[PDB]
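Notes follow once the structure below has been shown.
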Number of protein chains: 2
Amino acid sequence: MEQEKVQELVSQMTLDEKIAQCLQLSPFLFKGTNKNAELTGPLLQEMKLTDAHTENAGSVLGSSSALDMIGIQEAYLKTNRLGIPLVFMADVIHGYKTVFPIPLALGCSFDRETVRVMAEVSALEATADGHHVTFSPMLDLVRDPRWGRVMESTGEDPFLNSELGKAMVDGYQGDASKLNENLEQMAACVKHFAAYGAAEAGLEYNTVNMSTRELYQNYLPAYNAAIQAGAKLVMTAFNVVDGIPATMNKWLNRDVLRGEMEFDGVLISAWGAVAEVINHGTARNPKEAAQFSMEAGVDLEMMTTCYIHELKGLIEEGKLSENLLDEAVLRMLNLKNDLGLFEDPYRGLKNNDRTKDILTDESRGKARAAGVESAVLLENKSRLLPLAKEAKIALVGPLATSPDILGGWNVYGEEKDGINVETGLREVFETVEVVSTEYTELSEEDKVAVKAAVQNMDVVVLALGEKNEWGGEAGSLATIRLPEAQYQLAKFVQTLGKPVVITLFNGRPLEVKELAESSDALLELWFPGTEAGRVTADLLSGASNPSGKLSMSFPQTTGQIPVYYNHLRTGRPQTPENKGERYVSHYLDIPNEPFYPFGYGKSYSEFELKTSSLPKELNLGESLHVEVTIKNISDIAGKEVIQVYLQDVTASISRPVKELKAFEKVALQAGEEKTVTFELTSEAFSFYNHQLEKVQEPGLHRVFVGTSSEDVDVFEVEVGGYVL
Amino acid sequence: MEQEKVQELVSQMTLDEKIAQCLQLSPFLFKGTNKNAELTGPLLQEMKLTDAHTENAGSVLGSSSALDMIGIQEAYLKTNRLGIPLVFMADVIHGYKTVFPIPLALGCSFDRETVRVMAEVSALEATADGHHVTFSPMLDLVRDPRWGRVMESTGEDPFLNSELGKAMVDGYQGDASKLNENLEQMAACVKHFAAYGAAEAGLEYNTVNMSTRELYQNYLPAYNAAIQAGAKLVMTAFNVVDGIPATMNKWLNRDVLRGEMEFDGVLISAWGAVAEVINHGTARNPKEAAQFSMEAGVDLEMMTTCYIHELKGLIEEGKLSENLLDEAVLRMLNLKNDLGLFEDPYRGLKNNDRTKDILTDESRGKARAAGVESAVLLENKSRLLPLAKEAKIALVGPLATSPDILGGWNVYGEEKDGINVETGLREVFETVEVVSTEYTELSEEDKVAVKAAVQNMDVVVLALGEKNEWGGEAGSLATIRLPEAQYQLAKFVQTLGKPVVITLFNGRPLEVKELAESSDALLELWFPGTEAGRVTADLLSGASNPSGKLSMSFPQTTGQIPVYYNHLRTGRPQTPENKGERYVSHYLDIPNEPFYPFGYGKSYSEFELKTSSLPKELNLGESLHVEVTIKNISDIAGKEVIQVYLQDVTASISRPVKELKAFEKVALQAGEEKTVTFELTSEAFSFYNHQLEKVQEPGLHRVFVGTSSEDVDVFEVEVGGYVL
Ligand SMILES: OC[C@H]1O[C@@H](OC[C@H]2O[C@H](O)[C@H](O)[C@@H](O)[C@@H]2O)[C@H](O)[C@@H](O)[C@@H]1O
Ligand SMILES: OC[C@H]1O[C@@H](O)[C@H](O)[C@@H](O)[C@@H]1O
Ligand SMILES: OC[C@H]1O[C@@H](O)[C@H](O)[C@@H](O)[C@@H]1O
Ligand SMILES: OC[C@H]1O[C@@H](O)[C@H](O)[C@@H](O)[C@@H]1O
Ligand SMILES: OC[C@H]1O[C@H](O)[C@H](O)[C@@H](O)[C@@H]1O
Ligand SMILES: [Mg+2]
Ligand SMILES: [Mg+2]
């Protein structure tokens, strides 16, 4: 409907209707929910919610199904005075019912299209079940794998995260201005604004601190990218940003988000984060929490009652302008309007059961393909992999049969529909003997059984990993290791003298030196999702060729953290020259390098890259165009991820030794050759200076071209002269 | 001499003379040295230093003795045109030849007078050997035990570090305006400006990043307090501060140091830190390193050649003002003048041999007292300690006979003058049997010998520890554990069925949980210095009663770092009333609490504390007077550390749950009672807001009074009304 009628609606609302519009509740707080209705009475009572609140609430979070949505919207619209429908929002993080790999795994694909397709399918299914908005993408830069939420991020690189964040928004939303017409797409909500992944000691919800320059340089760029790509909502972070909880941080949300980033959509709090500013010690009570959060521009309070119980009195007493309330309501109404809810409050569902669009075979094939793009081959000594389909396999370990392969943040998918490693393996390999072990134990009985199976077969697929519950939100591990019984199992298996592949399932970087050294191959599957078993079986048989690269460094040990490729040089770098000398930047007990670096992964193919002649000089403002010719020189078809880095050798700020500025995943048949070309704009050479200005300075840059952050060729370009 | 004559000197020096005055060299680069003359040739060659440079250099660093000094000074004055004597600087960190406990142990004393006396004796002796300046105190806040240099700090608390810093300045310098007459006092040099102990991942020299607010709040106050108390010099830090190497950080050194802190003495570089700005990637070559460091106001280049090889070109080409050089040179001459060097270049030594003032018995007694103040009793089950003088002791481990107990940053002290554990114990205990073991090994033959000594004896003193080379500068450990052999030794000893006291020697917090569980008593001696085994024997026997408290938290495990008492609350604090809820700030695998908290230490005595009735309300700017009555209620004379903390419950910035604001160690005979009073000025209730203003806000504060950061009674004070 027309903008004018949207405006009119706001004019017509009472003050109480306006306040309620800024409240979001679980489905079972509303009349006509078809699930958990026994909870309704007591919680309404605990939260001191009346019908006058629930009949005017702005939004539903976490509806269980189309029929939950429909019953709630129907009952709600019966009693709503002006007919403003509810907006329904959900956590669709890496799939709805067809579960794709965890976002950290998606990061490892280095494949924009893989990520878009993931998001497209997620929206196809989520819309089919009544959801209008997804709390995705999560764009928090991560350097600390102790934090359970690394699984939701695409990793340690701001550029990769930006690029995949855009892909995700494009997949969920399609053309953002046609969300009223395209009812299989949904609104995206960027999260968590901002810097949440810098949680101190990887402890959930803990303190975040960094200089403002760093915040701009590395922590804000992906949120910005996704916002500039049309992301419709943004969500607050639980953490302080420089001393002030993000939810009430006016500078952060008014000056930066709404001001500099020109975001004009709904700002939703993370769960309870409006009330939680009290806990943080920056509000004395719910009245202050409400006032400060409204001041900061938060439109929608998620499952707490500060606004609902406090705004009226604040406005009447002149401590808050009703104008700020009107701006929030308008933002909420426009989102509803963008989603087409004023013409159709059931968003396509009403005469049209879309059950059939959920968990199709086509969709499953897409999740499988994503899993195969995303896995990372870390070790393959003497071409153990791929296995011949006649290979006789001992399949041992906690991940041999565990159905827990869908990943954390899997709110709607069901393990009943997943494919476990055994089932997947038996579809490919004729001879499989299985010995399941527990996640945290290794008994003498297990050892006996494991030895019998290994003696019978030719190769060992040792399937290890994490329960998903050991990560995700409030899954913080102080030590980034598997249960010790699993490292023991790997030691034991190695003594039986048969070749061993370790297939590892997990949500975070782990200490894997001991695994790499106890096995001949190591394949990192992360949590691939619904098709986990077949993803595993196709990579192992070579039906698919591993092509993933690490989007986050794998530390030598927990104590090395944070370790990350785009690090500063220091005043005393360790060189190949000065190595062994005491007075340089080093540890006494480990190397400086992570165990596996950013951009690293193996293939069953072999590849050859050559960069075309580059200019020696460039003007300021001028682009560098990089041409790379890549050949597959093997008999095996595969993909390689070409990566281009830039270094700023000397600057007014100490700059990282490398930064990713372009990448493209290239498919080549055996002997096939291609040429890809990259443009590094003058923005790629620029950075934030000590006055917070975004600047390009003349001087030397290095350009690195290759297939990891460490396997590269290096060129020099001197920028100076005049400005384009 | 009179200031005009000092200004006359600046006016008469040639440009080359002024440049060279800003250079500092090792002693053997000068004619007249009496040690290491074989290094002189090649190093002059490598550094391209001529006679014209060395005959006009400003300063000597690390003279080897009074003779080295006299020879160098005397030859230098023969040839120096205007008669400007050399200033001699050295690292006197926790003692000269009488070695006192490492500064981190001195933090655990909580005793300002111990710290002043340590500095006083250090100056007595160092001046006796011809040193004019010491590179102490080290005032870097530390929260990360991986970093080797925690040994040089007094710990994780700004207030403690501020107070002991002033004590140290006071002890080295006495009345600063009389350093020209008090020739047994010497100048102090605060280091390292600024924030060096925040090195990322505990790695030597690594990146530091925090917000400007946080820098002011926690990282700057100790440097500030030492400077306000009159510290004559300041030294730059190796690390970046918000992206810019401290050495060439104009804002830091001109605006904050010289501007806000009003510091008008000599700014000396860390070792090589001027040239190293090149490696940091913020200067392209020595000419730039020279220009930027001089712009930032560094007066004295430590052992690199940027200034001497480049300043003439920079001044001649007018890229740098000669006035900046004249003010550096005037600062250098003012220091020399302040030390009385223009009346007496030999600073009291020329016809006065002061060997007699070195390593006196009185000084050894002071070092022993300091050791027994600083040690921390961590466990003492069933009153194992103190031992009877007739207890039969098996003394086992790598620290049983080891002479390495002087500590890191011991540049002049000698192991042969130190007292080891065995020697200390045999002065007190009639029956000791000793089995020495290696630091990193546990052999079968060791176990047999340990078993034999233990079977014979009644109790075991298990002496474990680090070698001092495993910390100090560029002694970073990713895992903060002893060698595994030592844990294995503790495990083994425990099986022998005799009571065990572990005496631990070390330069950092370590993972001691396994040691606490493997023994009946655990005594943290850190490294006590010259009197190490007498410190150890007096504490174990009861002749002294342990009184030290941790000034740094002891983590559960490496992966809990950073963990510190003065932490923020977060939005989702774990409370005793949400035990076991998933969605709160916690780890899955360890407690949130450190294994041992700040302010913790046991005693052979028992004390009771009673806080006098406090006001319920206070005005802004008003002090709070806190009166505490303490009684020793046991039969054993002993000392306790009364600690007062403050919390700002609600603020415009999220404030720590507690901060220490007063402390006093109280000595009490059996049954004796004392009252002490503390004034918490309004400065104690103030903080840096998001605008970087030092503010006091009206509102609620809590006052905690007790004997650790966790053993406290709590009171409430509402601040407001009018101001003063
Ligand atoms: O850390 C041991 C593992 O190292 C992998 O190589 C990764 C990366 O290491 C350096 O940066 C090299 O310069 C670069 O060429 C490498 O790609 C090995 O491939 C693993 O087998 C090792 O386990
Ligand atoms: O209680 C707070 C927490 O509640 C849970 O029910 C939600 O899923 C969490 O994501 C939320 O952060
Ligand atoms: O090479 C540089 C290093 O050499 C040693 O002689 C110094 O005492 C160190 O503190 C210095 O940082
Ligand atoms: O953290 C565990 C420790 O807590 C301390 O406060 C106790 O004094 C110790 O005996 C105990 O080992
Ligand atoms: O040895 C002189 C100085 O060398 C280095 O600059 C160290 O950082 C410093 O702590 C020491 O005082
Ligand atoms: Mg540059
Ligand atoms: Mg307050």
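How things are named: the first chain in the structure tokens is A, the next is B, and so on; residues count from 1 in each chain; ligands count from 1 in the order shown.
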Within-7 Å residues of ligand 7, basis only C-alpha atoms and all ligand atoms, as number ranges by chain: B: 648-651, 697-701
At most 7 Å to chain B: residues in chain A, only C-alpha atoms, as a ChimeraX atom specification: /A:201,203-207,209-212,238,242-244,276-277,279-284,474-479,558-562,568-572,582-590,649-655
Sel. of helix (DSSP H, G or I) residues, stretch 272-403 of chain A, as a ChimeraX atom specification: /A:275-277,286-296,306-316,322-338,355-357,361-374,381-383
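Ranking B:340, B:32, B:408, B:83 by their shortest atom-to-atom distance to ligand 3, with only C-alpha atoms and all ligand atoms included, puts B:408 first.
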Report as a compact mmCIF listing (two decimals) with N, CA, C and O atoms, in the first residue's frame which protein, DNA and RNA residues come within 7 Å of ligand 1, using only C-alpha atoms and all ligand atoms.
# COMPACT_ATOMS: atom_id res chain seq x y z
N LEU A 378 42.94 -31.56 4.55
CA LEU A 378 44.08 -30.99 5.23
C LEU A 378 45.39 -31.75 5.04
O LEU A 378 46.45 -31.10 4.91
N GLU A 379 45.31 -33.10 5.02
CA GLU A 379 46.43 -34.01 4.80
C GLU A 379 46.00 -35.07 3.83
O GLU A 379 44.84 -35.53 3.90
N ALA A 516 46.75 -35.01 12.83
CA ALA A 516 47.46 -35.00 11.55
C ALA A 516 48.62 -36.01 11.63
O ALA A 516 48.84 -36.81 10.71
N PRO A 594 50.31 -20.62 12.67
CA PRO A 594 49.32 -21.60 13.06
C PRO A 594 49.70 -22.94 12.46
O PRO A 594 50.51 -22.98 11.52
N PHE A 595 49.08 -24.01 12.93
CA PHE A 595 49.28 -25.34 12.33
C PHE A 595 48.82 -25.43 10.87
O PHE A 595 49.45 -26.11 10.10
N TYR A 596 47.70 -24.77 10.53
CA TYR A 596 47.25 -24.60 9.13
C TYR A 596 46.81 -23.14 8.96
O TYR A 596 46.17 -22.57 9.84
N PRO A 597 47.26 -22.48 7.92
CA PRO A 597 46.95 -21.09 7.72
C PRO A 597 45.67 -20.83 6.91
O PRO A 597 45.15 -21.74 6.30
N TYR A 600 44.21 -22.26 3.08
CA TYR A 600 44.91 -23.53 2.84
C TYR A 600 43.95 -24.66 2.69
O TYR A 600 43.10 -24.90 3.53
N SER A 708 46.86 -20.12 -1.29
CA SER A 708 46.65 -19.88 0.14
C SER A 708 47.32 -18.55 0.53
O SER A 708 47.95 -17.87 -0.30
N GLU A 710 49.88 -18.46 2.21
CA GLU A 710 51.30 -18.77 2.29
C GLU A 710 51.90 -19.25 0.94
O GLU A 710 53.08 -19.10 0.73
N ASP A 711 51.09 -19.79 0.06
CA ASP A 711 51.53 -20.31 -1.26
C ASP A 711 51.19 -19.28 -2.35
O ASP A 711 50.14 -19.34 -2.99
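Atom to atom, atom CA of residue B:176 and atom CA of residue B:230 stand 6.5 Å apart.
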